Each structure stands twice: as structure tokens, then as C-alpha cells.
Amino acid sequence: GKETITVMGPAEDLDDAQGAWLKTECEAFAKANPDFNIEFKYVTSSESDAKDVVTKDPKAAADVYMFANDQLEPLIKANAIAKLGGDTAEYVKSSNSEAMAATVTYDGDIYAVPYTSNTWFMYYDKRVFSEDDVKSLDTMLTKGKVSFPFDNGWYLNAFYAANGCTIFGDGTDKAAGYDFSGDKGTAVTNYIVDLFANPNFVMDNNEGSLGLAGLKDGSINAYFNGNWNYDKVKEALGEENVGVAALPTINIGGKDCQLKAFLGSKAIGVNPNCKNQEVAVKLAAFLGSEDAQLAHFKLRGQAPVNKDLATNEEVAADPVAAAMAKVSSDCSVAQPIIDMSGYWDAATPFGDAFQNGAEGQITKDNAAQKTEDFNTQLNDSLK
Ligand SMILES: OC[C@H]1O[C@H](O[C@H]2[C@H](O)[C@@H](O)[C@@H](O[C@H]3[C@H](O)[C@@H](O)[C@@H](O)O[C@@H]3CO)O[C@@H]2CO)[C@H](O)[C@@H](O)[C@@H]1O
């Protein structure tokens, strides 16, 4: 009598056309562990949605699931993710950088197995921009069409971080709260107002389907997005036209300021409600193993986090893995694991309010007001 293990991950990992990585690796796990009598059932869900899916009812959720690490604290508070020990915890510490192990560490305990870094970067049309052009957003706007998903807080912050706005201090001090206040914040809001007023800027939609469509028809030539859409970007542009870069500067008041993406991880978590914790924990370890990460790279081009794969020649030569590494070293801030729910929620209507014709449109005349309103809402969400 087989036991059913229910595993949740994104559509791309369950798509046979992309090698169905998650199924492939679950089957490899079973073959490696003949003492287990198991079969698999799969739930399709983006890592970006795992908080909502699992915390609503953990007992109803998958046994093993793929999530984005900023969801860690709400998963813990919902009793929805198991502490990991033993060889699994040791692997997470030994095989990752300190920053990557920290992405899944809460109060000194490991709660998940990283399988890739989680950040974003620039895709661009090499027929439109040069390598030098894409160093500066301002230069780019003089040459071609630029998009950005401003109603997605995971992207929005890069602009505010560029001018010294902070989330929980360095990201780890809850008592510091949010600081988007003052002239430093208004200057960024003003830059974004000017960006929306630029006829070569096109706002991307929240999950980036607009940008992808624009790359294809030529109405957008630069796309800020991530590794998961690498194959779709190659389809849209044609592979010989795909440029991949780290983040540009923006010129605020004559000063070049560096856009800084969040850098976290995507990881495999174990549901405490799973009836076979031994199997679930070993499966999580397997899905984040070196072999499994290499397969993720070969099957659908996802960059590994395991540092022993950093010296793989194919990985080192890959333009997305390279850009992600550059974003890590030069263009990022560590993703807070202090819950940012209030920020994700507030960011979306704030970003939407830059649009021409929007209700309560953010303009030069009200930029300071709207900036303080945002800062106030963020800090109110902590009370
Ligand atoms: O927008 C708020 C949202 O921001 C974060 O979500 C981002 C993910 O962390 C990031 O990995 C990426 O999600 C993609 C998956 O990685 C990918 O496998 C596939 O499923 O597409 C997803 C994008 O559609 O982008 C999202 C932001 O769009 C944060 O983790 C969330 O908790 C937060 O709600």
C-alpha cells in the first residue's frame, strides 16, 4: 500500500515540455529510496503564492512545497513549516553561502532547503541597447522603450533603496520600522512621476505578462523580471537578441543612484501536518540537492544556489546566472524575513497611482504628500 506524498510547485516545474523538473526529481527520489513505498500527487502553484495557499489551512495543504523565503515568518506563525535538523540542516549550512542559509533561518533554526536565489534583473533587446546603454536607466530612455512593474512591491523598493530609504534598518531590525519619509523619499517619488511622464516608459503589469508581450512586438525593449521567464524571453526576442544585465543607475538630482533588488531564496518547505515526516524531510533535502539543482539548470535554465555548482562551466557562462550573481554582489539588499505583508499590500495601490488618469494620481505637486502617506501606511501596518 503506497503512501501518497503531495508536492506543490510552479507550473513550469510540472510541464513536460520543460522536462517537468519537480516530477522528474520526485521520481528520482523514490528510485533512490526503495525502502519508501510512495506515490506522488502534484499541486500547481507559484512560489509567489505559497503564503496564501498554505497558511489559509495548513492541514489542507501539500506535504512538501516550493515557496519564496519572505513568506517564512507567516508560515512559521501558522505552524505551516517544519523545523529541519540533522543531515538536512547540515546540508543547507554547508552547501550554501552564509546569506543563502540565512534566508531560511529563523531564531537560529533552519526551516527550509534553498534551491535557487530569488532576485530580479534586466532582460533587454540587443538590437536596441548597447552594453553601455543599459548601465543607466536615463540613457536607456533616450534610446528605446523601457518598462517596470511599479505596482509590485518586490520591484518598487529598488527605486527607494537607491536613495537611502530603508526597511527594518538593514533589514533585520523590526524596531527601526519603515523609513520612506522626507526629501529622500520624495526625490524618488518625483523620479518615478517623471518616468511615467516619459513617452518611452511603459508600466509593466504586476506579474510581467505585459512586458513579455511588449518585448515580442517591440513596444517594450527592456524588461525587469527573473529567471523563471528566461525561456519565454528567448522566445519573445529570439535568442540571438537577448541581453541580460544587472541593474542600472538612476539619476536623482544629478547623482547616479544604484537600483537595488531584494535578494532572497526560493526553498522547499515541509508541512508539519504531513503524516510521514521522515519521507517529507528527505524529499525536501533531495529536491534541493546538488543533482537536483543541476537538473533544474539543464532542464529549464534555473540558476543553482549550491556553491559547488558555481564552478560548473555551463553555469558560470550562463547569462542569467551571471546577471543574478552580479545583482547579488553589486545591486541588492537582503530580503527581510521580518514579515513585510503591510508593504506588499500598500505597494500595489501606491504604484498604480502613478498612472496617468488614476484616482489620486501621484504628481509633482503632491509627491511629498503621497510619499508621507505611503510611509505612514507602512508603519501603521506594524501597529
Ligand atoms: O508582489 C508581491 C510578492 O513579491 C514576491 O513574489 C515574487 C517572487 O518572490 C519571485 O520568485 C517571483 O515569483 C515567480 C516565481 O519565482 C516563478 O517560479 C513563477 O511562479 O512566477 C512568479 C512570478 O509570477 O516574482 C514574485 C513577484 O511577482 C514575494 O515572494 C511575495 O511573497 C509577495 O506576495
# chains A, B, ... in the order shown; residues from 1 in each chain; ligands from 1
$ residues_around --residues "residue 51 in chain A" --least-positions-apart "4" --cutoff "10 Å" --atoms "only C-alpha atoms" --output "JSON, numbers by chain"
{"A": [47, 55, 56, 58, 67, 68, 69, 70, 71, 72, 73, 74, 75, 78, 80]}
$ residues_near_ligand --ligand "ligand 1" --cutoff "9 Å" --atoms "only C-alpha atoms and all ligand atoms" --output "JSON, numbers by chain"
{"A": [9, 10, 11, 12, 13, 45, 46, 47, 48, 49, 50, 51, 52, 66, 67, 68, 69, 70, 71, 117, 118, 119, 120, 149, 151, 152, 153, 154, 155, 206, 207, 208, 209, 225, 226, 227, 228, 229, 264, 265, 266, 340, 341, 343, 344, 345, 347, 348]}
$ select_by_dssp --residues "range 6-243 of chain A" --states "alpha helix (DSSP H)" --output "ChimeraX atom specification"
/A:11-14,21-32,50-55,72-77,86-95,98-102,137-143,153-161,182-196,209-217,230-237
$ residues_around --residues "residue 320 in chain A" --least-positions-apart "6" --cutoff "10 Å" --atoms "only C-alpha atoms" --output "ChimeraX atom specification"
/A:120-123,226-227,230,243-246,301-303,326
$ write_last_selection --atoms "N, CA and C atoms" --output "PDB file, in the first residue's frame"
ATOM      1  N   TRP A 120      15.844  39.658  -9.081  1.00  0.00           N
ATOM      2  CA  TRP A 120      15.443  40.019 -10.436  1.00  0.00           C
ATOM      3  C   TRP A 120      16.520  40.883 -11.055  1.00  0.00           C
ATOM      4  N   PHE A 121      16.380  41.121 -12.364  1.00  0.00           N
ATOM      5  CA  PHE A 121      17.451  41.693 -13.160  1.00  0.00           C
ATOM      6  C   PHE A 121      16.814  42.173 -14.476  1.00  0.00           C
ATOM      7  N   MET A 122      17.658  42.606 -15.418  1.00  0.00           N
ATOM      8  CA  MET A 122      17.205  43.212 -16.668  1.00  0.00           C
ATOM      9  C   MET A 122      17.353  42.291 -17.862  1.00  0.00           C
ATOM     10  N   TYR A 123      16.251  42.059 -18.551  1.00  0.00           N
ATOM     11  CA  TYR A 123      16.277  41.494 -19.909  1.00  0.00           C
ATOM     12  C   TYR A 123      16.166  42.650 -20.900  1.00  0.00           C
ATOM     13  N   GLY A 226      12.667  37.939 -14.010  1.00  0.00           N
ATOM     14  CA  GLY A 226      13.515  36.930 -13.395  1.00  0.00           C
ATOM     15  C   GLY A 226      13.742  35.671 -14.166  1.00  0.00           C
ATOM     16  N   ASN A 227      14.456  34.767 -13.515  1.00  0.00           N
ATOM     17  CA  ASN A 227      14.976  33.562 -14.138  1.00  0.00           C
ATOM     18  C   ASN A 227      13.885  32.647 -14.648  1.00  0.00           C
ATOM     19  N   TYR A 230      13.058  33.016 -18.388  1.00  0.00           N
ATOM     20  CA  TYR A 230      14.209  33.029 -19.291  1.00  0.00           C
ATOM     21  C   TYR A 230      13.821  32.447 -20.658  1.00  0.00           C
ATOM     22  N   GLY A 243      19.639  40.214 -24.350  1.00  0.00           N
ATOM     23  CA  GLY A 243      20.638  40.725 -23.453  1.00  0.00           C
ATOM     24  C   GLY A 243      20.170  40.562 -22.005  1.00  0.00           C
ATOM     25  N   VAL A 244      21.105  40.249 -21.121  1.00  0.00           N
ATOM     26  CA  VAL A 244      20.808  40.093 -19.698  1.00  0.00           C
ATOM     27  C   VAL A 244      21.813  40.911 -18.912  1.00  0.00           C
ATOM     28  N   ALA A 245      21.324  41.788 -18.037  1.00  0.00           N
ATOM     29  CA  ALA A 245      22.194  42.661 -17.264  1.00  0.00           C
ATOM     30  C   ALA A 245      21.745  42.790 -15.830  1.00  0.00           C
ATOM     31  N   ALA A 246      22.657  43.232 -14.990  1.00  0.00           N
ATOM     32  CA  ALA A 246      22.305  43.626 -13.639  1.00  0.00           C
ATOM     33  C   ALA A 246      21.639  45.003 -13.705  1.00  0.00           C
ATOM     34  N   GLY A 301      16.956  25.985 -17.184  1.00  0.00           N
ATOM     35  CA  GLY A 301      17.840  27.124 -17.072  1.00  0.00           C
ATOM     36  C   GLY A 301      17.803  27.883 -15.764  1.00  0.00           C
ATOM     37  N   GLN A 302      17.346  27.221 -14.708  1.00  0.00           N
ATOM     38  CA  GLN A 302      17.273  27.904 -13.407  1.00  0.00           C
ATOM     39  C   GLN A 302      18.619  27.833 -12.714  1.00  0.00           C
ATOM     40  N   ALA A 303      19.102  28.978 -12.273  1.00  0.00           N
ATOM     41  CA  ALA A 303      20.438  29.089 -11.698  1.00  0.00           C
ATOM     42  C   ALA A 303      20.533  28.425 -10.325  1.00  0.00           C
ATOM     43  N   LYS A 326      25.806  39.065 -10.295  1.00  0.00           N
ATOM     44  CA  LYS A 326      26.156  40.486 -10.273  1.00  0.00           C
ATOM     45  C   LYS A 326      25.150  41.275  -9.438  1.00  0.00           C
TER      46      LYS A 326
END
$ select_by_dssp --residues "range 148-270 of chain A" --states "strand (DSSP E)" --output "ChimeraX atom specification"
/A:148,166-167,178-179,201-203,222-225,242-245,249-252,255-258,261-270
$ write_last_selection --atoms "C-alpha atoms" --output "CSV table (one decimal), in the first residue's frame"
chain,number,residue,atom,x,y,z
A,148,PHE,CA,9.0,48.5,-15.0
A,166,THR,CA,15.1,51.6,4.5
A,167,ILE,CA,13.0,48.6,5.6
A,178,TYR,CA,9.9,51.6,7.6
A,179,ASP,CA,11.7,54.8,6.5
A,201,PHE,CA,8.4,54.5,-20.5
A,202,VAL,CA,5.7,51.8,-20.3
A,203,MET,CA,4.4,50.5,-17.0
A,222,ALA,CA,13.8,46.3,-21.6
A,223,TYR,CA,12.0,44.1,-19.1
A,224,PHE,CA,12.8,43.8,-15.4
A,225,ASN,CA,11.9,40.3,-14.4
A,242,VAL,CA,18.6,38.5,-25.7
A,243,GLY,CA,20.6,40.7,-23.5
A,244,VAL,CA,20.8,40.1,-19.7
A,245,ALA,CA,22.2,42.7,-17.3
A,249,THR,CA,21.6,53.6,-12.1
A,250,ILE,CA,19.0,56.3,-11.9
A,251,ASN,CA,19.9,59.9,-11.9
A,252,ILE,CA,18.3,61.7,-8.9
A,255,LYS,CA,23.5,61.9,-8.6
A,256,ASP,CA,23.7,58.5,-10.0
A,257,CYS,CA,21.9,56.1,-7.6
A,258,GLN,CA,22.1,52.3,-7.8
A,261,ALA,CA,16.7,44.5,-5.9
A,262,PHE,CA,15.7,42.3,-3.0
A,263,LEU,CA,17.9,39.1,-2.7
A,264,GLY,CA,16.3,36.1,-1.0
A,265,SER,CA,15.8,32.5,-2.0
A,266,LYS,CA,13.2,30.1,-3.1
A,267,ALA,CA,13.2,27.0,-1.0
A,268,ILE,CA,11.4,23.7,-0.2
A,269,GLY,CA,9.4,23.5,3.0
A,270,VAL,CA,7.9,20.6,4.8
